[PDB]
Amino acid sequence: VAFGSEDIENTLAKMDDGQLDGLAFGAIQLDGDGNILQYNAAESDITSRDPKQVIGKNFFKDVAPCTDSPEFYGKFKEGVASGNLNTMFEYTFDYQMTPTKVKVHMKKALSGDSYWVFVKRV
């Protein structure tokens, strides 16, 4: 239930949008190409994005352009390709929002066809 948990993908594997909105950290589920599958309440609180509005949109191309870099998007693609996405790093979100320092945790989902992007303020 906590950010950075070693088995976080197991816990969240069953959750629907409802339980996902209950997390203390931002949670985004993306497919291989980075299209948004799920986007919870906590993430919305940090970025101002309307969940219903971003579902279906491409995270790296349209929603979060500042993440289009080797340091974020680069690693997402490496993980999709290797099949073992799992990395944590510091990042700053600043597109159409006050510059906000966060800690990010990307981790492949158990379904093997989706990927998680977790975020919390620092």
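In case it trips you up, residue 1 is the first one in the sequence shown, and so on.
Of the two segments, 93-101 and 23-31, the one listed with the higher mean B-factor is 93-101 (C-alpha atoms only). Looking at 113-121 and 3-11 together, the entry lists the larger mean B-factor for 3-11, computed on C-alpha atoms.
As recorded in the PDB entry, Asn84 shows the highest C-alpha B-factor of the residues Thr47, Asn84, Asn58, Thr67. Ranked by C-alpha B-factor against the other modelled residues of its chain, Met88 falls in the highest third.
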